[PDB]
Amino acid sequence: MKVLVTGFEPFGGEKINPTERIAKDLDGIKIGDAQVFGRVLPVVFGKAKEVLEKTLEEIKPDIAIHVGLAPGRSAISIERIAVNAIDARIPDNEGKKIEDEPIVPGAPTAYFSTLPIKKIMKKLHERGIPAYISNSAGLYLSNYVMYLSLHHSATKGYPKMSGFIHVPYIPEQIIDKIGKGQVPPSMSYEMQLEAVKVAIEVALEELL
């Protein structure tokens, strides 16, 4: 068994992206006889697609779990659907702002996550980790990779399972926000890392 976990670099002014640590922290660990690979993707259209495709092609994971930062969200959110579209509210890390454009022309309008999202959520609740199902991963880079991953799956037959998980800001990221007159929700890094491992575990239990 091989599992691929990806995270994203900082973006939109944020100095950190909790998903970057998550990916690095999970890279190389083993859960049962399953080997986990952690890779950090750039918040850049195009380049991110290349890194993703090469990684999937090089590792050929059975399961692919992509994690991203969802500023403002109060709990762990498991994405149910990836849509074939890009409409960036802000530019990516290269300065490009793509608006109303398909990710893969002619490809399906959308793909359902193949991760056992309800069991993952239920398992997190048992661990006392707030989590829910999101029906939109935005139309920025998180959705971008989530879509490409599921498309690769429907196209090449692997990974067997692919999905996306969004995590809230970690506490320390809230500090400089307070000054700007507003305090968004946060979740400790430990609970976030824990949530992803749980997701991997439930995914492994399910996959075959």
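All residue numbers refer to positions in the sequence shown, first residue = 1.
- Comparing 9-17 with 196-204, the stretch with the higher mean C-alpha B-factor in the PDB entry is 9-17.
- The stretch 57-65 shows the higher mean C-alpha B-factor when 57-65 is compared against 38-46 in the entry.
- Looking only at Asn135, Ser74, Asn93, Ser113, the residue with the top Cα B factor in the deposited structure is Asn93.
- Among the modelled residues of the chain, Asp87 sits in the middle third by CA temperature factor in this PDB entry.
- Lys97: CA B factor lies in the highest third for its chain, per the PDB record.
- Residue-level temperature factors show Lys160 in the highest third of its chain, judged at the C-alpha atom.
- Placement of the Cα temperature factor of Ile178 within the chain: highest third of the modelled residues, per the deposited record.
- Ranked by Cα temperature factor within the chain, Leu26 sits in the middle third according to the deposited record.
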